[PDB]
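Given next, in structure tokens, is a single chain: the form deposited in one PDB entry.
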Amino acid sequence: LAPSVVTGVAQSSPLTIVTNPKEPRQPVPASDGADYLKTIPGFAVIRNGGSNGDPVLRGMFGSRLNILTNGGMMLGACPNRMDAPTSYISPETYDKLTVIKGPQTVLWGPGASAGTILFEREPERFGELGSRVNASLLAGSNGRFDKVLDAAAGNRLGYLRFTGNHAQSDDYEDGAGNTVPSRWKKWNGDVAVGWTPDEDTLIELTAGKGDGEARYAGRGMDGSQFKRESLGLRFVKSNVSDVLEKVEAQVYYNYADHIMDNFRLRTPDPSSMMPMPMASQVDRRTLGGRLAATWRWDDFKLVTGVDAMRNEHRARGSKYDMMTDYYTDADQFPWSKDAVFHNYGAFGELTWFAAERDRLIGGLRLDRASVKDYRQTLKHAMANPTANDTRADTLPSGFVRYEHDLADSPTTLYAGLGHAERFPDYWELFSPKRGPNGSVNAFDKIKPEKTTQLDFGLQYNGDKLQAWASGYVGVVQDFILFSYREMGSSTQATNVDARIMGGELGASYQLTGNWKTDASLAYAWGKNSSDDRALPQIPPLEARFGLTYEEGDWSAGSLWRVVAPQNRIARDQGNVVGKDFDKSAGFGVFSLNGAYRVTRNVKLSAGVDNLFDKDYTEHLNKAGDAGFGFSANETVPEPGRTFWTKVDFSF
């Protein structure tokens, strides 16, 4: 059918979303992982600059989201989350994106209390000796330029695949005409070699690198380097026996090497708390693996397996000789290890196909998590009270979900209850300056976070009308909260009890053969029960309305995004990235797009985002750090009007 641009994604089962990330996207041509998530209702993004935003699902931040690439975990190194996991993903280079909302799966690792996000590349399917190529070129406002290449060749016995991209933009302008610090540049190059010695076997080795740079608005430093190195090995054996339908094994290794500074993408400000050249380098090395068997028999499906992960964080900093004005770069000093995390898990998921219109699913996992504090001193320099200390815990999680198809209509209803326990992450233990009151530090005292949540919803797969809704109510014991105090700003991590609820809904209607309309709504709500106040950093109610006309080889679409004010805030509280401070204003933004299929191999598309050049910001956008030339507590503005044009090739 006619090519179109993606402005919203509907829910396959409202709990599980499956998309093709190679599609043109018209709430702007993405750029990183978080931007692609923005077209799925329930997601919001903390804007940091022009790219590398931090994704938020149902008001939940950070490690509450389990974000995998080809089944592996890429962990960032920046202590202020300049490089969230999505910042390393170029999802045009992926084949499939799956989102599972809520604590409703145990198959993909521990602690995914908010949801699980799986970016995936499918194995090639060559018969006789063949090759294929997909590529794309995009150009747009403010020096935006992206190129993507995905090429593979092989036969029945194996294949070689190469994927790469290079993308960049200059600083954009907001709707008042002001330049925002926001320039960025990214590239990736990855290869996969698959060996398929028979129809029931697959072995695949993957290897890749990337790098990038980005200005950060409202921070004292920019990211001058975001190096990534990746290695993976995957095994899949199908139809091992009549009941043993699949055995999977994989190991992955991911390395991030991040540099931030105040002199390569900006000039040091003499009037700020960083008046001299300064650089910090940090790295993160992650090794992990997973083994899973899938059993199928009678009316039952069982998945069982184990997984393991180790990750290590190191840092080193520059020095500046006051008296002599001599600058010594960070790479002239040795790495200082500060943290090592481990996890080992066992998991199982049992599905009962209780007749054709009823399904019951239950999952369980038990995790042993541990961490060791390797900080020998703290920063003059001071003794670290918990030097070399270790702590560990054993955390069970699980869920049950009931799904029911109605007899007289194409309607599915579901209701599920899940319990997830999450060991605190690097940022919760090592980034805050203080722990809870009376603690020696955060490392010693912050407790695991325990979420119990009811998920429910329905979908209607009619002729002209597809509609879906998914709601949730939950409690969080020991929710990990950051509190901010104004030497510079400093943070304290605490555990609080919280209550959450919300939902997403959407519908799409084929009015005629050519006309189609769709809408979605997303709401999140949170309360801090320990202190009887709102939870911070909760995104406001948001609606989207799309209209598309398609005829033959062409299509045109338009889109309204309408966002309510957020008046539920908790001033000077937030997460390791950002804090609440001001209530946010409502806004509406309008966009246009079109597509033209030129041949079977060549497709063109184009768009205008924010047609009326609205001057606005989003509630979650990063509030400026105190102590610099920019205004503190002001959130990063969104881009003004921008144009873009894209050509897609397929051979």
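All residue numbers refer to positions in the sequence shown, first residue = 1. Take the two forms, superpose them, and find the largest set of C-alpha atoms that agree within 1.5 Å; that set is the rigid core. Only residues modelled in both forms are compared.
Below: the form deposited in another entry, not depicted.
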If you fit the rigid core and then compare C-alpha positions between the shown form and the other one, only one of 35, 609, 625, 618 moves by 2 Å or more. Name it. 625
Taking the shown form as reference, the Cα pair residue 177 and residue 629 shifts by 3 Å or more in the other form and sits closer
Relative to what we see here, could you say if residue 625 and residue 441 have their Cα atoms closer or farther apart in the other form, with a change of 3 Å or more? farther
With the rigid core superposed, can you list, in sequence order, the 3+ residue stretches whose C-alpha atoms all shift 2 Å or more between the shown form and the other one? 624 to 632
